[PDB]
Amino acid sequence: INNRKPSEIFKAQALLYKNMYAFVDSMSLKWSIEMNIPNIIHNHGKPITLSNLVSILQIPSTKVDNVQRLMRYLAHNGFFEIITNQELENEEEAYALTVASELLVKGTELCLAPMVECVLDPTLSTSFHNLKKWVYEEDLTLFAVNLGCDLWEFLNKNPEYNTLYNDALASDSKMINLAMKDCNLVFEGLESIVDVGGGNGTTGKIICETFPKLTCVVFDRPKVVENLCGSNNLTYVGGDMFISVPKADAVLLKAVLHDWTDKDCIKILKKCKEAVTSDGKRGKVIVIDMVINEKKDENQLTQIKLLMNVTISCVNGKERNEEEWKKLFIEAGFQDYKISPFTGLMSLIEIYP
């Protein structure tokens, strides 16, 4: 402002407006999903013209241009590819899917539409209007502050959401499976592994099916693995990771450490190190979680990771940058580490004792 060139001031105004109206990026995405446009295009078997698209959707004539404008914006953001014969005015444009919208085709193994609808649930998403009240409350999560209940209770009293939540879990399961396929260099030489905080063993199964020779122990709290049956190379063990971790060539901590403070992670890591360095053996600890690094990642990637650190903080979680991870490893008594890609948001970290 101060004695700046109007152009500079107006450029800032535009930036302000982009962030102010950023929620429309979300709502437009949600709209495309609720309208089932990605599936309609998929069913069409080729790029679909605007006229055929609104005809199938049965869009009122006074709203056809609104649909076009929405499609244009979504296309700009990478969700559709506008196919049009330049230099042929009378001819309309067509909409083709992009990798991003193919991931929105309901019924497919990797479909992220469910995750999107869960995130954009009116009740949950609107809670972010009260970030101020939330930062002034000790310990409470954003939802505890805004809804008076935790996501678990919300899930229990919202069947629609619960249905989406479960679809989202299935899809994410397929994403991890896809991710695991390129990790042969990490797992292929192991004879045994323990998935610490493994839950219902979904991850352990993926690991076992991917690496048939590897034996896996799904380790979690007793009540979590309570009446689960292990089969061929996959077994369940109940316990407390802070007290003791089952011995193995490697330990896996997937989406576990981001739920704990630095002090607790160090303790967890120490127990895991213990688990892979007994009987005169020297294995390794594998951590699958987000690694923030503004120096190594592309600016657009750092942006979503930073965004995610904010969102998870709302549920008292924490994403860490590489230096922070390094600190933890050193404090836990490890000698070195290596980071590799896992998914577009999570990385795989190998920690050596």
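Counting begins at 1, following the sequence as shown.
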Exercise. For the stretches 172 to 180 and 276 to 284, which has the higher mean C-alpha B-factor as given in the deposited record?
Worked result: 276 to 284
For this session: Check the entry's C-alpha temperature factors for 238 to 246 and 79 to 87, then say which stretch has the higher mean.
Result: 79 to 87
Exercise. Quick one: which of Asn158, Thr126, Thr141, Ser101 has the biggest Cα B-factor according to the entry?
Worked result: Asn158
For this session: Could you tell me which one of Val196, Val119, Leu190, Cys111 shows the highest CA temperature factor in the PDB record?
Result: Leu190
Seminar exercise, completed: Binned into thirds over the chain's modelled residues, the C-alpha B-factor of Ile330 lands in the highest
Problem set entry | B-factor third for the C-alpha atom of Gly45 within its chain | highest
Exercise. Which third of the chain does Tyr95 land in by C-alpha B-factor: lowest, middle or highest?
Worked result: middle
Problem set entry | Modelled-residue ranking by C-alpha temperature factor, third containing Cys265 | middle
Exercise. Is the Cα B-factor recorded for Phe342 in the lowest, middle or highest third of its chain?
Worked result: middle
